[PDB]
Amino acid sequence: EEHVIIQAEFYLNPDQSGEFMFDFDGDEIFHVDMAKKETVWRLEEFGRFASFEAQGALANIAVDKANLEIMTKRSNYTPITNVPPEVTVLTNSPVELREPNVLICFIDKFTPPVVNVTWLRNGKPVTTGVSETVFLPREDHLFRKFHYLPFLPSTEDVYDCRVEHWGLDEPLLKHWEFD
């Protein structure tokens, strides 16, 4: 095949979390902010060329919620087995001292789609300029996710991405430092 487009949805109990997104060849086209009832394009340029009626996502999620109840009952209330994530930290380009770069925390191969992620600089939580993706679908029906931290590389700073997930006994820290 040349290309695959997937409309991927989930609903999770008891968290009452529901997601709706479109994937093209493994990349996110957009997702719907369920709380704001808005379409969020992964690249802003996408929204100049296309539109999406966010309301349709809401309708689907409502069906998924109702469907989950039925299925949960049908399965005799068999719950999900936690699968803890693999975490990788990398930069998006080769690192040069005082040349603006971006740290990427890749959280992969996990379920259920619930995680706490924190960027640490020298052991301290940082939130300035951070961003993140929604939960992205895998072909094995687990999930992956990206977190980002723009930074100015220096010999004086170390970084960690800290990931909490119910499948982990303790938080997972993946380290990055210069050279």
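Just count from 1 along the sequence shown to find any residue number.
A.B. asks: Got a sec? Mean C-alpha B-factor, which is higher, 35-43 or 116-124?
C.D. replies: The stretch with the larger average C-alpha B-factor is 35-43.
A.B. asks: Between 166-174 and 8-16, point out the one with the higher average CA B-factor as the PDB entry records it.
C.D. replies: Mean CA B-factor is higher for 166-174.
A.B. asks: For the C-alpha B-factor as written in the entry, point me to the maximum among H141, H147, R48, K65.
C.D. replies: Top of the list by C-alpha B-factor: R48.
A.B. asks: By the entry's C-alpha temperature factors, tell me which of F30, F135, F110, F52 sits highest.
C.D. replies: That would be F52.
A.B. asks: Ordered by C-alpha B-factor within the chain, which third holds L97? Give me lowest, middle or highest, please.
C.D. replies: Its C-alpha B-factor belongs to the highest third of this chain's values.
A.B. asks: What third of its chain, lowest, middle or highest, does the C-alpha temperature factor of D160 fall into?
C.D. replies: Middle third, going by the recorded CA B-factors of the chain.
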